[PDB]
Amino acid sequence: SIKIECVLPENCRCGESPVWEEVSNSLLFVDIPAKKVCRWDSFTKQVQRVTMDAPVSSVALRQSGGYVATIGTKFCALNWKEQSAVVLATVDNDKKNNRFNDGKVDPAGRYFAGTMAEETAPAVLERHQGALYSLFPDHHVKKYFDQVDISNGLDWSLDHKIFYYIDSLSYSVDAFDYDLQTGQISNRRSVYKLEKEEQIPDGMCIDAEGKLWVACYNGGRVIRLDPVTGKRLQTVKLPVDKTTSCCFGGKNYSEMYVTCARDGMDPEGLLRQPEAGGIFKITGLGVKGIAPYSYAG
């Protein structure tokens, strides 16, 4: 049954993009406004951090070595051993204050990531300034659609025929038909509408039974969704309100890791939630997730 542990009380300003790296038994994650990519060794319990030159919104495995990440509005290759970033491509060059937000590699090794206008005062942002992109293995960029408010959680169905996507200010999880061979998406439709208490949908991952787990920012929970029926199958409440994202990890992807944010917490909120910004592990969910895909460029 379910057991929750703050495995690393990291106090992240905005912990995000959890990715399990099974070859090192470590969790990768970012702290967006601190400009850090982080690696927590689940055995030694120690964490490495590398600091970039702009906010870093997501990180992913790169098959040929090291990592890729979204830094500002740039797709970058990250040499972990040299702590250096090399720009692979740039987007939104016409925007005053945009950044990438959530991103993830697709089943063919393409790095999907979308953008947003940056906050200019806690929860104040310019509307519809973002777009969803993907970085292909030869480094060219495809733009799928614009008018995005806050590009957020995303994953693919296990048969690799459906792409799931969250624009947070739609309070909806959407699905697209997805073509593995071309990376094309189409036929956008809502598969789940969040309830008031579920607040803002943030990050998302799929499980090995094809169900989606969505982190609810300000909702202090992850919710499990059936995209076929639109039914919420389960709610798992966490001891912190600002739950931001989730992934599966640990042995055979049997554990869930949940990131969260300390930014925007009043000091009274911090006394009630001293572990705000920490990394939480949930065991006993009774379902496994799947391995992350690795970027092919």
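The first residue of the shown sequence is 1; numbering continues from there.
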May I ask you to compare 210-218 and 193-201 by their mean CA B factor in the entry and name the higher one?
193-201
Looking only at CA atoms, which has the higher mean B factor in the entry: 143-151 or 71-79?
71-79
Please pick out which of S26, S58, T229, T259 has the largest Cα B-factor as recorded in the entry.
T229
Choose from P9, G286, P18, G289 the residue with the greatest Cα B-factor as stated in the PDB record.
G286
Test of reading the entry: by CA B factor among the chain's modelled residues, which third contains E255?
lowest
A108 CA temperature factor, ranked by third within the chain
middle
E119's Cα B-factor: lowest, middle or highest third of the chain?
highest
Please place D174 in the lowest, middle or highest third of its chain by C-alpha B factor as given in the entry.
middle
Lowest, middle or highest third: where is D102 by Cα B-factor in its chain?
lowest
